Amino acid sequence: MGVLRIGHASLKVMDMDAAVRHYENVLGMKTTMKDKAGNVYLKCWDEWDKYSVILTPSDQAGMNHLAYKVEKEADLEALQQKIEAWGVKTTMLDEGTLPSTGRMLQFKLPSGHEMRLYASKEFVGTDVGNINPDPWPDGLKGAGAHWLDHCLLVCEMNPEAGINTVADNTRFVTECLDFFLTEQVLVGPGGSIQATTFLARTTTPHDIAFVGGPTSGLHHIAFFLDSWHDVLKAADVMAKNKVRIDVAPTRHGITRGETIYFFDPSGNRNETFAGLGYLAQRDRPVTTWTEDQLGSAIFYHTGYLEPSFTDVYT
């Protein structure tokens, strides 16, 4: 029972044509529908559900909500009960609130982000099929992202005022949603303050992550690539499409995953993440990164925490 994986992310964009162009041509996603309000829904080739990205017209960037898929419909009642015993109030949006989407349990994380849980979303299949499938499909576009992998949320954090919603979110998704902590960044005196946490339901290093900030927001959504080579191809694609790069190809110290940071035309940050890294396990020790090695935890090859990683988000 419980949460399976990240289901979709709903983003604000200011130019729909340019944004759809970006997620199709750069990341290789496909548009699957547009609702009557102008929202556009896209999926990756190696996902089987209708969509993992919602683009909504807006006058600003940022995130509307984040959705995770659960195994069965009955999980929603059980998780709703645990969430409310913890002190978080929930609502249940019914079927068709979002097109091709079943009912959704809705609530706010302690950091203030809206999170939804759904059990049912329209099946459409991967672009390779499930009867004698090819390992990859022809006509793949751009970086050819496999699937939406995880989301890093900036969480309001003010330790000298007793506010650390990174810690509160971490406690919340572990106790209520039964995520387990895989890696953490410890700052403050003797590493007494959790400033960044990575948590999983799958056996990958992270399906959700939180990083401290002056306010709450969206750091990035991430898409999976197979290998370091695909990261090279993806970087070649971003050059051909005049994409604005945040961080050039390098490796994360945390998770060991090779990565590129870049921006969509509205300013939301995207990541192409390469490799499993390691098999996340509930009996595995939590990987701890300390403040003196804070740079290598994010950008391992340089040990230099970019000013853009910690200052720029939507």
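The numbering used is simple: start at 1 and walk along the sequence shown.
The PDB entry records a higher mean C-alpha B factor for 159-167 than for its counterpart among 159-167 and 110-118. Stretch comparison (8-16 versus 300-308) by mean CA B-factor in the PDB entry places 300-308 on top. Ranking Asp149, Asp230, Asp178, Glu84 by the C-alpha B-factor listed in the PDB entry places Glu84 at the top. Between the residues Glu271, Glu47, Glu258, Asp283, the entry's highest C-alpha temperature factor is the one at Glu258. Among the modelled residues of its chain, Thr288 has a C-alpha B-factor that falls in the middle third according to the deposited record. Ranked by C-alpha B-factor against the other modelled residues of its chain, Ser100 falls in the middle third. Sort the modelled residues of the chain by CA B factor and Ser52 lands in the lowest third. Per the deposited record, the Cα B-factor of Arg251 falls in the highest third when ranked against the other modelled residues of its chain.
Annotation for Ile193: C-alpha temperature factor in the middle third relative to the rest of the modelled chain, per the entry.
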